[PDB]
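Q: just the starting chains for now, same placement as in the complex:
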Amino acid sequence: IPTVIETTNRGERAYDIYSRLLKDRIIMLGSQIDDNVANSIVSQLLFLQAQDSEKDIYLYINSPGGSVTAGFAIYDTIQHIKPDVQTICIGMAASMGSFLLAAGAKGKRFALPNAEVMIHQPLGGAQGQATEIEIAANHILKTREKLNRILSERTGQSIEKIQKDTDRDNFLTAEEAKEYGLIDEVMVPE
Amino acid sequence: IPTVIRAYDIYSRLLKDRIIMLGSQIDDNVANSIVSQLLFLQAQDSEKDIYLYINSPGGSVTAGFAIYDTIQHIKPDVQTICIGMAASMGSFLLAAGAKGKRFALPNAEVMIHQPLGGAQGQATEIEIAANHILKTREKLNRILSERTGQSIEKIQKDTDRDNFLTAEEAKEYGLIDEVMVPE
Amino acid sequence: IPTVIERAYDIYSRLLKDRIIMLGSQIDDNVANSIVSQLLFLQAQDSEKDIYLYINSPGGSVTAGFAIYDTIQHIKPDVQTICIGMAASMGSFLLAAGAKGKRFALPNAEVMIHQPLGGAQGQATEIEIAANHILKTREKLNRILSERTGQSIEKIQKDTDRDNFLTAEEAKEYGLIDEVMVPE
Amino acid sequence: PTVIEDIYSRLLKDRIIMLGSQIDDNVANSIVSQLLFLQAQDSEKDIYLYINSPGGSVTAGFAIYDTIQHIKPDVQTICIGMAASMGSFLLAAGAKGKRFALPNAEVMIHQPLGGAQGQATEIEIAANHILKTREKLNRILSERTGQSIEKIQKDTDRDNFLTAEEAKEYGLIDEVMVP
Amino acid sequence: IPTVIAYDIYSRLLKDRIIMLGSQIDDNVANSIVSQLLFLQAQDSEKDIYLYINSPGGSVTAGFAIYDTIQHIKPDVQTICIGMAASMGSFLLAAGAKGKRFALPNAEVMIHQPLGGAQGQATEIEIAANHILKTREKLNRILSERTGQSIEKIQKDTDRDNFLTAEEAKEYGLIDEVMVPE
Amino acid sequence: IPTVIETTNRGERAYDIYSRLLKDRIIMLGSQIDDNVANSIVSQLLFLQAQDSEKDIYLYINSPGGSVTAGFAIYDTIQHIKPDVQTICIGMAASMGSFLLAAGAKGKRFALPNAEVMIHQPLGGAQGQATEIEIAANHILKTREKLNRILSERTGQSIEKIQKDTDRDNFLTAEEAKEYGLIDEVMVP
Amino acid sequence: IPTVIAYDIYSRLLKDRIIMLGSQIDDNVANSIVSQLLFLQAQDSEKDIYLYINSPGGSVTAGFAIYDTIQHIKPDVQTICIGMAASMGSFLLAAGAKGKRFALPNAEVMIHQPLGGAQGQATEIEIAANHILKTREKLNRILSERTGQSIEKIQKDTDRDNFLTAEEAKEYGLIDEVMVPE
Amino acid sequence: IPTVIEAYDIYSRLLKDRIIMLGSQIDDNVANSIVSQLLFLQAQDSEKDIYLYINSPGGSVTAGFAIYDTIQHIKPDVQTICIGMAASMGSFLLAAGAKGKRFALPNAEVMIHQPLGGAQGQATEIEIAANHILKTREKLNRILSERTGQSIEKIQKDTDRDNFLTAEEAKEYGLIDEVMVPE
Amino acid sequence: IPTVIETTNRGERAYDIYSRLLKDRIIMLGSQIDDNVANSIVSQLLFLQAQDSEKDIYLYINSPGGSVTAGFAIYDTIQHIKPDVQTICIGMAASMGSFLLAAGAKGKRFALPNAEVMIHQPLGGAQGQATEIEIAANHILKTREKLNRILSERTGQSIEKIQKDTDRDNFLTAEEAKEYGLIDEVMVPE
């Protein structure tokens, strides 16, 4: 992980590349979603909301998704904080990554032209007694209905369509995700 | 595994007396063996009673239903005797013996509980697995209610956690008809 | 496995002398090789007596199942099929493959139908080749099952998407069996 | 070794049964089958059970106990090396006056071994079952030995190693075989 | 494996001059098939042998041992495809007597180039590559003789796993007839 | 990794060798391409655009390639930023490594005389239900069409030629990669 | 492994003085083959023995055990390469009786120097190298006797793995003729 | 292992001819089997010779002395024939044969070495284990000295490292009496 | 790896021993050659060429060799830069290390009196369909021809002689490496 040196007209200082990007208000979501990752993202979004409650935040998303509860943590923090978070799919947004994509400010969800979006129903596991498997199934089905309903709200597709389309793994190009409504536009190559 | 001289093993010699031994987990290969023996003993004499000895930790539910269905389909009555342990699929086979002819030895144990399973993968697949194991539990509770005479609600309540019955409690529950007193 | 007699059989060989075939295991090429050898031996013994196939399997290899299917269709004697416990995957296909009017289930056996399972690795064109092969395999299965059951290919296509469990009476209403063996 | 007219099948003709291994459901199934066979052969001649066992499953040992009490022929028990708690339990289960040890045989009595994992309710159910199993074993030992149930409760708390003379004084065996 | 009386099922079928190839072709399998073929030639040199094939193939030199045996012996070896014939299984399917190579209607055939590994010093990788290429040339030349297809067509068509139905295998000339049910 | 201590009008700083090269605007890709490497390389490219939109960036490639999505992340970051990225093959550019080599600016893609370029179709796999295997095959076939189309744009070869030339592991010398159009020029000392 | 009645297939072949060598050569395989050779000499001192070879070879001292047994006994041993004869397998192939070394047309032969290893002290690696070199000398000398090739030529040709067709093995003098199918 | 019916295995039919095949490493289970075969062949006839065909890397020294002491205890002469290799105790059992009746085949090889061992734990235990392996090497060197006619010092020096001997060198050493020339 | 600090002038500069040697334009190549090592060596060469385009680099070689593409990366970098690179074999130069040893500037290849040089043909693996084994063999054979051409130019032996000598492992002393032309002289101690 490279270090960047920058002049400040009051001194000179060394940052990690991610910490300099964090000074620009850029958050890197570049790995699977787990507890440690969600804790980091939440702390970064809360620090940045504390520093400046008007300026946008830039969540960069390149992840295979991950834990649904940690994704809901990042979602709820993004909806709680005052400043708008702008989601940019850099190459890959799958599972909760494609949800954290669709979870950004309206008009401010972007993808690079060759980024991949995958939407699919959640994965889980159940073991032991029949009643324990019943409890786990009912919980994962409520989780899927919560995800589908948030997606229907943020995407404008009906819940029946999101149910049908997430049944198997649906791979979207950025143009397909723009026509779906998971993103607002595809970034024109400056 | 000793031999009786013709050169039977001890189980083949007890099969000559129409005795079948269950002494293992119930799986497809054990159920396939027991079903084969039951069809053989039906072909050897369709009248004389079969004697099924159970010391099993339970096992596969579809293999136990295989045995159950074969016991119900053959003409000869199957006397079931519990020797050491009868755990839920063993207890289900114990109940499946002929009425008036289900026995336990005085220190045998019975255990009744709901079926075990699992699921992985998509929410729809976990749904289908849960639905299947719930319908399997309903089918088990229904057959148990018919065999014991206990209500489905009572069996549902009693099977929720592992319920360990003595042979006298298994007679009171109606899982067996008699306790075999030593001669 | 208990012996039964100097004519010392094992229990399955004594059942084979009564023309009983026990399919109580996963279907691999080894069990398919044994089942096909039993079918050919029993055909050689007598071409007009019925065969009784007893099925309790999770299925297995599709090519081993088709080996068994092709053998029971090819040989002259009728094969009665009797589901004893589970008939999943190719086990349900071999259940449905029995002679008409001679496909049975015990009163609470269960039948499960699903699409075939496979995998692929390596280059994109190799994955394409494996996908084309497994889709042709699924089409072959759905076609044969549609002929054995009378159910349309579209319906079997819809119903085999996920694991579809059937009771014996649903399997009869699906036409996978002809009747349920009501106990004496 | 094979004897033409195996060594255990030849000894079974003499109504000799060898329990030279851990008690598990396979061993119990085999011993029960041999006991039912020897009952079907001759309902009145004695059966000799030679015991050299580290014990094993409690329910598999109760299978044997209940079979040797159920059948009509007397089962003599003869301890030649090891009788560990389930093996000493089956030793106690021999016919009265017909329980033997060889002079250097080792008898051990101890309480059941057990595990439970998972919910507090499930650990409670397993603890209750193991404590009721210990009560069943202690009661049956009290009847077979004649020792107080409180004495057996105290003595089985830790692993107790008895000599053959000590097992005779305890009442687990009736004689030590003089050579 | 059931007993017939004290044959096993395969030993009884061996009396009808049936051979079952129901497994991967390895040295032990080739050794057995070759011993069976030689025994059946000794029992009667004028009477057909029936070879039933359900195998994924395997070792090329074991398959060539079987091929050379069925070509050296006097009787006609009928080949019947039962489920799969892949790799040297489809080669041994093609090696049966002309007019006596069969598949059942739902069997399938796969033809492809052989599989190889070479860990090496560069001269040793070269030697292994030259050997595997001569092995492919041998296989393609014999397939061309057995099918009547050109060695260029067989080269082009074995380049990736080519799954053939029994109809496609009859069109290719790998079998002479599809055995309709009796 | 060694350190270099470098002086200015204000300072001593102790740089790692890669941080010193990054100060020059030099990015090293000396690794498999995975999401971590994609994120790092993208962040560096963004910081280099941040400091000066006009000056050329240099990307130095010694990679067996890797993930197609991570490589397309790098590719799209190269195509978004204003500054020209020079791509230099230092020893190996295989898989997405040669794709990222072809991603450099027209006239500013280089290889060293003994470098090698390899082009192939992407590797993947599939498991489970026939419908799942079909969906995976469809996805990786669309990914190969994407790669082939972008390579046709970078190199000027027809899609049918790139389709044939990537069917198996095709190894190019730097002079062959120059004739193929994957690079513009071979670096001479 | 089919039965024939109560023989197995290999024991029924052994009744006809057929020995099958369809595996790697280790001490158990050697001890089996040597016992069969001794029993065949015990039953009839004049009738030929037929040794079918399909082997990757293996242990060198096991191969020399087989070699010295087939050279010690009175009856001539016909060797038939089928499939593959590598390493000590092709050495035993050449050890057949003159005019009685055969291969099948698509069989193939490999000749190469012996493989070994050494560990520990310089003195121990020296001792092991000297022994593997004396073993290679012995193998080359015997091959020169049985093929009539020069020992310098065999030393050169065995340096790397050398795969020979049945015709090339005939020209090399490892076999006397190919058994062409009738 | 192939079968011959007059229903033997090939080794048991060779046992009819008094042929013992030592084709495997010498552990206690092999020594037990060979000593049993020797005692049986002594029972069947005490005057006819026994043939021991040796192809082994050797093994346990106590299993080697088990076989050696059985060969020397039984009355009938044991002809030893090296077929492939005789390393370690295999060369020792090769030398154990009857005088004038130790043979090798022309390309067989003999290896004579010092016995391997090990020690772990306390200095006193390592000392005891070393002293035992030294007395084992002494015993081996003495038996080789008397059976080969070489002196203790020569064998001690020559067995210090792995000494491979050709059959001609083993005849010069006195481990074999003749090389079996082909019939 | 010990730190060294005490210095003339401001004397602030604490180095690890390798950074202190890098101050003297000494590069160490004392490990297996891989892309990580090759990228490090290349970066150090580029840095030293930027700092001074005229002073010799000194490259100390104690490596069993390794990856051939990584070695060619190092080779092409030492050939591209303007400053001469002196190569010193301090203990071993096997395979690709002996190649980089021979790649030093003329008159500037050295070995210590007891260093050993081993030349051999490249090592390879190919798991394959027969066309894939053909492809891998053809590539490893082209790689050997490239290596032999370069060695022949750097060494003055004919490419047929290097073909003959590299077929097995050839272990050279420093005197034999001097006679061969892989090094220019053996460093006499003084």
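A: The structure has been received and is ready for your questions. Residues are numbered from 1 along each chain as shown, chains lettered A, B, ... in the order given.
Q: contacts only, for the closest residue in space to residue A:166 that isn't next to it in sequence.
A: With Cβ to Cβ, 6 or more residues apart in numbering or on different chains as the criterion, residue A:166 has its nearest non-adjacent residue at 4.8 Å, and that residue is residue A:121. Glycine gets a C-beta too; all of them are placed from N, C-alpha and C. Each residue near residue A:121 by Cβ atoms under 8 Å, 6 or more residues apart in numbering or on different chains is listed here: A:144, A:166, A:167, B:122, B:123, B:124.
Q: wait, a strand at residue A:121?
A: No. Counting by DSSP: H, G, I helix; E, B strand; the rest coil, residue A:121 is not part of a strand but coil.
Q: by proximity to chain G, which residue of chain A wins?
A: Chain G sits closest to residue A:127 of chain A, with a gap of 42.6 Å, by Cβ to the nearest Cβ.
Q: check which helices and strands the longest strand anywhere in chain A sits against.
A: Looking across chain A with DSSP state E, the single longest strand is strand A:85-94. Secondary-structure packing of strand A:85-94 (3 or more Cβ pairs under 8 Å, 6 or more residues apart in numbering or on different chains; DSSP states H and E): strand A:57-63, helix A:96-102, strand A:109-111, strand A:116-119, helix F:35-51, helix F:68-80.
Q: is the second one in proximity to chain F?
A: Yep, that's helix A:96-102 we're talking about. No. Remark: helix A:96-102 sits outside contact range of chain F, by Cβ under 8 Å from any Cβ of the partner chain, the gap being at least 10.9 Å.
Q: buried residues in that helix?
A: Under the neighbour-count criterion of 16 or more other Cβ atoms under 10 Å in any protein chain shown, helix A:96-102 has A:96, A:97, A:98, A:99, A:100, A:101, A:102 buried.
Q: put chain J on too:
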Amino acid sequence: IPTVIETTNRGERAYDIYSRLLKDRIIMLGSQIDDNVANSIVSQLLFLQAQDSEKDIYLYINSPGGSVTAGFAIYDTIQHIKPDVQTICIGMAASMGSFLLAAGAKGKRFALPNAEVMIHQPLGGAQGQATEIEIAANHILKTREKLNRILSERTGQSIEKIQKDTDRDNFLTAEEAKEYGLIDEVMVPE
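A: Putting chain J onto the chains we already have gives this:
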């Protein structure tokens, strides 16, 4: 490994205990010898010659030996260097460690009273074809001849005597090592 803080008119400065001993020109050869350890030792010897070329270096040996080519990279003690390297055995000098002990300057090789020295022939191995085993055997034997020749010239024992005495593991007390000539004096307890 603990830190030392030292006080100077220039400031207060941290050292790990080994960097503080390196200030005093003390080199700890405290491990098995591998290429990385040899690299470290060679780099230290070079730095210490750079700072002062006529001031003794002290090499402290507690090593189970190691790689022979790494030990030969150390064997010189970079005998190129002008400074005299003293060698002290602290507890163990196993064959390459005792070789490096004997490499010290004459009159400046020491061993603490209760130190032990071991000499033996080099360990190795060979696998593969007969000619590859031959190549490896010829190499290991020539390496042993080289080690015996160096030990002969540095101890004054005949090559025949070192050949006989290194055949098996030979353990020498400090006094026996002085009689052999691997060291000049046993350190008296001060």
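Q: follow-up on the earlier one: what's the angle between the longest strand of chain A and helix F:35-51?
A: 150 degrees (axes from the mean of the first three to the mean of the last three Cα atoms, to 10 degrees).
Q: so how far is strand A:85-94 off the chain centroid?
A: Put simply, strand A:85-94 sits 7 Å off its chain's centre (Cα atoms, centre = their mean, to the nearest Å).
Q: C-alpha coordinates for it, PDB please?
A: What follows is strand A:85-94, C-alpha atoms only, in PDB (Å, rounded to 0.1, in the frame of the first residue of the first chain):
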ATOM      1  CA  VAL A  85     -23.400   9.600  -0.600                       C
ATOM      2  CA  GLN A  86     -22.600   9.100  -4.300                       C
ATOM      3  CA  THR A  87     -22.200   5.500  -5.200                       C
ATOM      4  CA  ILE A  88     -19.800   4.600  -8.100                       C
ATOM      5  CA  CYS A  89     -19.500   1.000  -9.300                       C
ATOM      6  CA  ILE A  90     -15.800   0.700 -10.400                       C
ATOM      7  CA  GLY A  91     -16.000  -2.800 -11.700                       C
ATOM      8  CA  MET A  92     -18.100  -5.200  -9.700                       C
ATOM      9  CA  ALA A  93     -21.200  -4.800  -7.500                       C
ATOM     10  CA  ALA A  94     -22.700  -8.100  -6.500                       C
END
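Q: neighbouring strands - and their directions - for that strand?
A: strand A:57-63 (parallel), strand A:109-111 (parallel), strand A:116-119 (parallel) (DSSP bridges).
Q: and for the second one, what are the contacting residues?
A: The contact list for strand A:109-111 (Cβ under 8 Å, 6+ apart) reads A:86-89, A:93, A:101-102, A:117, A:174, A:177-178, A:182-187.
Q: put chain K on too:
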Amino acid sequence: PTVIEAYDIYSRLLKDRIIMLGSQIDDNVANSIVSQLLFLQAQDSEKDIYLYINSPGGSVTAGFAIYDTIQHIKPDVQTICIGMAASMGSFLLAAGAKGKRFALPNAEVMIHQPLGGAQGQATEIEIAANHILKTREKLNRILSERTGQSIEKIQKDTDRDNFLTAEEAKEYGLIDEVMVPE
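A: Following on from the chains above, chain K is added here:
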């Protein structure tokens, strides 16, 4: 943990001249100990050094390293047993300056003969045995001189594991007094 003054706790203890031997004795810790003892000798050649010992012992050559360095440096090294001193830990405990070996009141001291191992040839096992026996004689002799106890008594008592209290270690002479709490 850190102490801002910015030491870690062990570096601050070393500032006092306190060395902790609280770990397995391996070559790495022996090197650390030696280094530290020579630095403390440089810092002041008269002030005592304190070695605090809580170790199961370890390598005998690493212990003899620490020993011979301790008994060379000018200042008196004080040894304190904190909780355990076993094998070479008890040896380094006894190695402290006379009058200045201490134990805490319920620390334990264990003395036993060294462990070793031998493998391979009889003469290799003889050499490993002879070496471990000379190592034991060396240890016994040093302990005899540092405790005032006969070599026969140490030989007899170190045969098995001997566990000493601080009072028993004081009577043995391995320590000079037990530190009463202040």
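Q: and what packs on strand A:85-94, now that chain K is part of it?
A: strand A:57-63, helix A:96-102, strand A:109-111, strand A:116-119, helix F:35-51, helix F:68-80.
Q: burial measure for whatever residue of chain A ends up closest to chain B, as a count.
A: Closest approach between chain A and chain B, counting by Cβ to the nearest Cβ: residue A:137, at 3.8 Å. Other residues near residue A:137 come to 24 when the count uses other Cβ atoms under 10 Å in any protein chain shown.
Q: relative to chain I, how far out is the nearest residue to it once chain neighbours are set aside?
A: Of all residues not flanking residue A:137 in the chain, residue B:130 sits nearest, at 3.8 Å (Cβ to Cβ, 6+ apart). Using Cβ to the nearest Cβ, to the nearest Å, residue B:130 is found at 43 Å from chain I.
Q: the residue in chain A positioned nearest to chain C: how many residues sit nearby?
A: With Cβ to the nearest Cβ, the shortest gap between chain A and chain C falls at residue A:167, namely 9.2 Å. Using other Cβ under 10 Å, residue A:167 has 16 other residues around it.
Q: now swap in residue A:177 and tell me
A: The tally of other residues near residue A:177 (other Cβ under 10 Å) stands at 25.
Q: could you do the one 3 residues further on as well?
A: By other Cβ under 10 Å, the residues close to residue A:180 number 20.
Q: now do the contacts for it.
A: In this structure, residue A:180 makes contact with A:155, A:157, A:172, judged by Cβ under 8 Å, 6+ apart.
Q: what values do phi and psi take at the second one?
A: With angles defined as degrees, to the nearest 10, residue A:157 shows backbone torsions of phi -80, psi 150.
Q: tell me the centre residue of chain A?
A: residue A:100 (2.2 Å; Cα atoms, centre = their mean).
Q: what sits against it?
A: Neighbours of residue A:100 in contact, by Cβ under 8 Å, 6+ apart: A:29, A:33, A:59, A:61, A:71, A:74, A:75, A:78, A:87, A:93.
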